[PDB]
There are 2 protein chains.
Amino acid sequence: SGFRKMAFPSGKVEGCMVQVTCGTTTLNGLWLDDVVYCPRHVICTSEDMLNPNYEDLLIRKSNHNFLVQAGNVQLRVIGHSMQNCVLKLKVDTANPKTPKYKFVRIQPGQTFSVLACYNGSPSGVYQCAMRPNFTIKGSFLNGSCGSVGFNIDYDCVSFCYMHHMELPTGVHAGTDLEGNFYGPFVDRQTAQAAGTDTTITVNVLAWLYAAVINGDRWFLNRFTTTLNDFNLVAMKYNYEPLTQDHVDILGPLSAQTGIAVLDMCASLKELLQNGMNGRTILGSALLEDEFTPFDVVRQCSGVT
Amino acid sequence: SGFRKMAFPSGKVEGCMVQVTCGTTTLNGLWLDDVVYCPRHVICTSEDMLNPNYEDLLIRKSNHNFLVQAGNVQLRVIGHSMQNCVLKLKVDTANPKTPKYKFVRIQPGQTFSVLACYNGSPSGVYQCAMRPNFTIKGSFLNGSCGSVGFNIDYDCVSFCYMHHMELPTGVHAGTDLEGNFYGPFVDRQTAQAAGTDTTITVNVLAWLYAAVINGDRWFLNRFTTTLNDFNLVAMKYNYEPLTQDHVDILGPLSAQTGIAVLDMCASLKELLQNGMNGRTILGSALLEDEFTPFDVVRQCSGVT
Ligand SMILES: Cc1ccncc1NC(=O)Cc1cccc(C2CC2)c1
Ligand SMILES: Cc1ccncc1NC(=O)Cc1cccc(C2CC2)c1
């Protein structure tokens, strides 16, 4: 009973968080095996940030300039390299708390948990989605850079995000664990406006299926629609076009509830056209799009 | 930048979760020092649940009937006792992962994180509030009993909730770690309807302060009100009466933003009377009440 914006248990990731300081900048690093990963902008001063030449800035840095502290103990840095927008600091000690892990580059619409950290210490955990414009709507303050996003499958942590910056619009941009930014963003204090933040239609449908499973059924109607008819409405409301791949991914939810995907699309179409009329769905007055069909099945089945 | 429903990092609590089985019932237990705490209804069969005599049921149970497994290893049970609605299973081994901890009984309106578990394994973490009718709006399935709610202050975990049941209305009831239920609920499969779920006014104001700090200011108006005038409106909308204690607790947020508490109450009064007019605040189309003033300061300052 009930449906919540649930994050993965953060313990396996908390055991990897370290503090990295270079000069006067301190941010978070991720310690896995004998490597600490962190945003390369740790080498910048606020003055460098306007147009930094990372290769030139990195030449003036030696292994001893990177101070890495895991809890209250200092790690010895024996190597450093830049991979895209991340620094890889080789340390002389493998993290004994290293979980089974993978680095994955997620697709827009996919969800993940964030362990927000400051000075290598965890502050909180929340669930995010990679928006269709490649930003995330997080909760990060100065010092949060290097905090990571991840998913967990039983005992394997899949790291998908590392926090790098806030755009002037208060939205967040970062990289995968290979240092490649999601979207067109650059690690520079410059004019970077985000594109249209469209709604993740397949996620909204998944959440309507979660609502039906949990008893919130007022929005079920007597109608059906087609993928092309539904997409005409989705375009008008800045919703992502729904594909047959999306319909297929909603198959288990359609099977569990007995509500055909296209019938649920017709409920969604009427919700878009008429609004909620002051009503709520799963305690929300808007259509929630940060639950994937996998998340809904996971939460509704109790996967650990 | 940004404001999220954030839970505490769950690692310290994940290290305490164990599985407890008695007969054919399996639920979660909390292992702290050499004691495992779990709901006493672990001793019941579904047939017992209608009107169980826990003292009589417990007489037929010996230490060897309580199977406690921490990960893949079995704990030896050397003692058992019932304290209100919880069982305390004394084991022969202190949990080596026991964090600094306290048991606290929270007040309605206070928030906490829940680590939902099944078979002693963590599934997810989310943030809850103890409702004014002493229920929680969680996300729990069969097997989730014994999952716990907690707050963390630097290194000390304050355990405040242990999950016991779902009411016929899909809301959740449970106890503090002394086994006393929050509210009038009993651990019996019987007619237990919840009272009025009023809105936690002081939390809504805290969240409006969070919105102002994060740039969402459209709802600020040219008005002020009084505590008595505001409470007349709060009563009409099933909001909890605001006291001078609540005004005092909002003091740091009022100081940070320069918006007097009573002016923010007047913004809230107009939001209640006129609605959102299809607009949003911090990505929500309703007034959020599960952030305390402490939570807002914590998130907006980056406490770890
Ligand atoms: C202040 C804050 C709040 C939330 N999240 C992150 C931050 N910090 C920054 O964005 C720091 C910064 C400042 C200008 C540019 C850059 C680019 C190299 C990435 C980085
Ligand atoms: C099925 C489920 C879903 C979510 N949360 C909890 C549960 N389980 C129960 O409520 C089990 C149960 C069933 C009747 C009565 C009792 C009372 C002794 C507490 C307990």
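Quick note on labels: first sequence line is chain A, next is B, and so on, each numbered from 1. Ligands are counted one by one from 1 in listed order, and the atoms in each one are counted from 1 as well.
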Taking 4.0 Å as the limit for heavy-atom contacts, which would you say applies to [X] with ligand 1: side chain only, backbone only, both, or neither?
X        : result
B/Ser1   : side chain
A/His163 : side chain
A/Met165 : both

[Y] backbone acceptor or donor facing [X] side chain under 3.5 Å:
X        : Y        : value
A/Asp48  : A/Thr45  : yes
A/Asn28  : A/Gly143 : yes
B/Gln110 : B/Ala129 : no

If you draw a 6.0 Å radius around CZ in B/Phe294, do more than 12 non-hydrogen atoms from other residues or ligands fall strictly inside?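 No, CZ of B/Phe294 has 12 or fewer neighbouring heavy atoms, counting only those of other groups under 6.0 Å.
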Looking at B/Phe291, does the NZ or CZ of B/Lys5 lie under 6.0 angstrom from its six-membered ring centre and within 45 degrees of the ring axis?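 Cation-pi check for B/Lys5 and B/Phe291: passes.
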For A/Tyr54, is the nearest heavy atom under 4.0 Å from an atom of ligand 1?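 Per 4.0 Å heavy-atom rule, A/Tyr54 contacts ligand 1.
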Do the charged groups of A/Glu55 and A/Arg60 touch, with an N to O distance under 4.0 Å?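 No.
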Would you mind checking if A/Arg4 and B/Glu290 are paired as a salt bridge, meaning a charged N to carboxylate O distance below 4.0 Å?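 The answer is yes: the pair qualifies as a salt bridge.
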Suppose I only count heavy atoms of [X] and a 4.0 Å limit; which atoms of ligand 1 are within that range?
X        : value
A/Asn142 : 1 (C), 2 (C), 3 (C)
A/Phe140 : 3 (C), 4 (C), 5 (N)
A/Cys145 : 6 (C), 8 (N)
A/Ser144 : 5 (N)

Under 3.5 Å, N or O to N or O, is A/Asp187 touching ligand 1 that way?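 By distance alone, the answer is no.
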Over all heavy atoms of both residues, which pair between A/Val42 and A/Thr25 is shortest? Give the atoms and the distance, please.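 Looking at all heavy atoms of both residues, the shortest contact is O-CB, 3.4 Å.
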Give the residue and atom name of whichever protein heavy atom lies nearest to atom 16 (C) of ligand 1, and the separation in Å to one decimal.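 So the nearest neighbour among protein heavy atoms is A/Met49 CG, 3.8 Å.
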Nearest-contact summary for atom 10 (O) of ligand 2 - protein heavy atom, Å: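 Going by distance alone, atom 10 (O) of ligand 2 is nearest to B/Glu166 N, 3.3 Å.
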Heavy-atom proximity to atom 18 (C) of ligand 2, best of B/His172, B/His164, B/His41, B/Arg40: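 It is B/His41 whose heavy atom sits nearest to atom 18 (C) of ligand 2.
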